[PDB]
């Protein structure tokens, strides 16, 4: 995508040499924002082939409030293996905070039903936010939330959403984070009978690992391809009743996939 290749370029020209946790060097910038009008097509990077089936399964797993790897394993989605313990537990990460934020007085707040309530009954609200940055539970999580906070917005029958991402690997992680959230805006919108608007991505420490330079130069050689179209084949009775098979991506013709190795 134009906006993503423009960000790759900006990290190469402007990033400072910053290191990662006792490891790999990165070229890093702080504070970046991009906008994707979801009416123009689904924001899946076409300059390298991306596989959406793990993205869909991870999103539907978050909406169930699930913190264990079992569901993902039943579908042979293995993206969280690296963080899970011996029982498949990841601690109170995303799904638990989205669906059951624990209060000091023993309540569990379902921020996803709150947000639907607000989009339907109070759409002009400037408080339509779900947060996964629960400070009192960060020590028990396998990793602190990268996509920590997001806000919905409704104007002229269109639902927009801004994601704050505290940390971002532009090569490996970001194409996956944009598709996952753009998919959530389409599901939210379908349920509130609203059209899709913008997905605004805001990042904090936005970086490229040093051992992904050959791959970032190769991808910047490629011309972007027309963006695909997401079709949802069914309208579920609620946001918690979607299935893997309900989604189809139409017209996706990417360039070949590029591998990116990681240090250990």
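Whichever C-alpha set is largest while still superposing within 1.5 Å between the two forms counts as the rigid core. Positions refer to the first chain, counted from 1.
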{"property": "Larger mean CA deviation from the shown form in 4 other deposited structures of this protein [core fit; 75 to 83 vs 119 to 127]", "result": "75 to 83"}
{"property": "Which of 22 to 30 and 204 to 212 lies farther from this form in 4 other deposited structures of this protein, as RMS of C-alpha positions after a rigid core fit", "result": "22 to 30"}
{"property": "Mean C-alpha temperature factor, higher of 228 to 236 and 203 to 211", "result": "228 to 236"}
{"property": "Comparing 97 to 105 with 188 to 196, the one whose average Cα B-factor in the PDB entry is higher", "result": "188 to 196"}
{"property": "From 87, 165, 114, 180, residue of greatest CA B-factor", "result": "87"}
{"property": "Record-listed C-alpha B factor of residue 48: chain third", "result": "middle"}
{"property": "Ranked C-alpha temperature factor of residue 127 among modelled chain residues, by third", "result": "lowest"}
{"property": "Third of chain Cα B-factors occupied by residue 76", "result": "highest"}
{"property": "Ranked C-alpha temperature factor of residue 219 among modelled chain residues, by third", "result": "middle"}
{"property": "Third of the chain's Cα B-factor distribution that residue 39 belongs to, per the entry", "result": "highest"}
